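For reference, the chains in residue letters:
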Amino acid sequence: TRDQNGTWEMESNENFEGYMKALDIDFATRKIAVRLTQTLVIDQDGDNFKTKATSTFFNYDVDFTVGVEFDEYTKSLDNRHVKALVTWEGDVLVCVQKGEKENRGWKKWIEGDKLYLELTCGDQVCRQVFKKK
């Protein structure tokens, strides 16, 4: 399904450190972030997404429209300019963030009862699994 609506609670988080290191997130932020449970809130209506990722100490907002390129200033992460585009490849939602970092973006998809989020940067891949609240 393409329906990714809901409140999603983190089950697993594999190689978050490697992904964050590839982004040049500072040491101290990485050490805290890797231990925290994330909650993802996704409001999806047609092509319009409003999403939030939240933890005890960090929060990451991003809204986008599928198929509409948008500039991003990742000021809370690694503080870079990227040109972002989110599109569907089958039932996989694919974000490419064009900029300095190669292979930067993510892929989100539903498999049974779970939401998968694959974060990429450089040679690093982080795989997160969420289940609905």
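For each chain, numbering begins from 1 and proceeds through the sequence as written. The entry may number the same residues differently, and residues missing coordinates are not shown. Side-chain metrics in this entry use all non-hydrogen atoms of the structure; hydrogen atoms and water are not considered.

The deposited coordinates, according to the entry record, derive from X-ray crystallography at 1.47 Å resolution.

The name that the PDB entry assigns to the chain is Retinol-binding protein 2, with the source organism given as Homo sapiens. UniProt positions are given in the numbering used here, feature names are shortened, and annotations may be inferred rather than shown by experiment. Quoted verbatim from the Function field of the UniProt record, the comment on the chain reads "Intracellular transport of retinol." The Sequence similarities field of the UniProt record for the chain holds the comment "Belongs to the calycin superfamily. Fatty-acid binding protein (FABP) family."

## A few points about the pattern of salt bridges
Salt bridges are identified by distance alone: a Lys or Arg side-chain nitrogen within 4 Å of an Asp or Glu carboxyl oxygen. For the structure shown, the criterion picks out nine salt bridges. In this structure, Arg80 engages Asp78 in a salt bridge whose closest nitrogen and oxygen atoms are separated by 2.8 Å. Classification of residues uses two cut-offs on accessible area relative to the type maximum, computed with a 1.4 Å probe and protein chains only: under 20% is buried, over 50% is exposed, and between them is partly exposed. For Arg80, a relative accessible area of 23% corresponds to the partly exposed category. As a salt-bridge pair, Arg127 and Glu118 come within 2.9 Å of each other at their nearest N and O atoms. For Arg127, a relative accessible area of 34% gives the class partly exposed. By sharing partners, the salt bridges in this structure join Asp24, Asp78, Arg80, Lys101 and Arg104 into a single network.

## Quick word on the packing of aromatic side chains
Centres within 6.5 Å make a pair out of two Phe, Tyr or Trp rings, where for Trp the six-membered ring is used; the pair is then stacked when the planes are under 30 degrees apart, edge-to-face when over 60, and tilted otherwise. Applying the stated criterion to the full structure yields five aromatic pairs. Seen in terms of ring centroids, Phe64 and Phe70 are 6.3 Å apart; in terms of plane orientation they differ by 15°. Their pairing is stacked. Measuring from ring centre to ring centre gives 5.3 Å for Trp109 and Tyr116, while their planes differ by 15°; the resulting arrangement is stacked. Across this residue pair, the class does not change: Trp109 and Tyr116 are buried. Cluster of aromatic residues (ring-pair linked, three or more members): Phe49, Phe64, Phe70 and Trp106.

## Notes on the layout of surface pockets
A 1.4 Å probe that fits into a set of points on a 1 Å grid over the protein atoms alone but cannot get out defines a cavity; an open set with protein on both sides within 12 Å along at least five of seven lines defines a pocket, and lining residues are those with an atom within 4 Å of a point. Grid points are joined across faces, edges and corners, and a volume is the space filled by probe spheres set on the points. One number sums up the size of the largest pocket: a volume of about 710 Å³. Contributing to the lining of the largest pocket are 36 residues, with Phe16, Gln38, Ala53, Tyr60 and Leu77 lying nearest its centre. When residues are grouped by polarity, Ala, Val, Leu, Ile, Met, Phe, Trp, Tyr, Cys and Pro land in nonpolar, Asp, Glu, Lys and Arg in charged, and all others, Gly among them, in polar. Here the lining of the largest pocket is composed, by residue class, of 23 nonpolar, nine polar and four charged.

## A look at the sheet that holds strand β5 (residues 70–73)
Two strands pair under a simple rule: DSSP has to find at least two bridges between them. Numbering of helices and strands runs from the N terminus, with a helix taken as a DSSP run of H or I at least four residues long and a strand as a DSSP run of E at least two residues long. Across the sheet, which stays open at both edges, the ten strands sit in the order β4-β3-β2-β1-β10-β9-β8-β7-β6-β5 with antiparallel pairing between neighbours. Strand pairing shows two members of the sheet lacking a second neighbour, β4 (59–65) and β5, which therefore form its edges. Going from strand to strand, the sheet's axes swing by 25° on average, the running direction of each strand aside. Inspection of the sheet shows strand β8 (residues 105–111) paired to strand β9 (residues 114–121) by seven bridges, in the antiparallel sense. By the bridge assignment for β9, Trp106 is matched with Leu119. Between N-to-C directions, angles span 0 to 180 degrees; the directions come from axes that are lines fitted to C-alpha atoms, helices contributing only their stretch in contact.

## What to know about the nonpolar core
Buried residues of nine kinds, namely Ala, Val, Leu, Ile, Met, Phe, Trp, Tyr and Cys, make up a nonpolar core once their side-chain atoms join them within 4.5 Å. By size, the foremost hydrophobic cluster in this structure holds 29 residues, and its most contacted members are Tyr19, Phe64, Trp106 and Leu115. Per-element accounting of this core gives the leading share, five residues, to helix α1 (residues 16–23). By definition in these notes, contact holds between two residues if any of their heavy atoms fall within 4.5 Å. With residues near it in sequence (within four places) discarded, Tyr19 still touches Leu119, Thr120, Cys121, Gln124 and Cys126.

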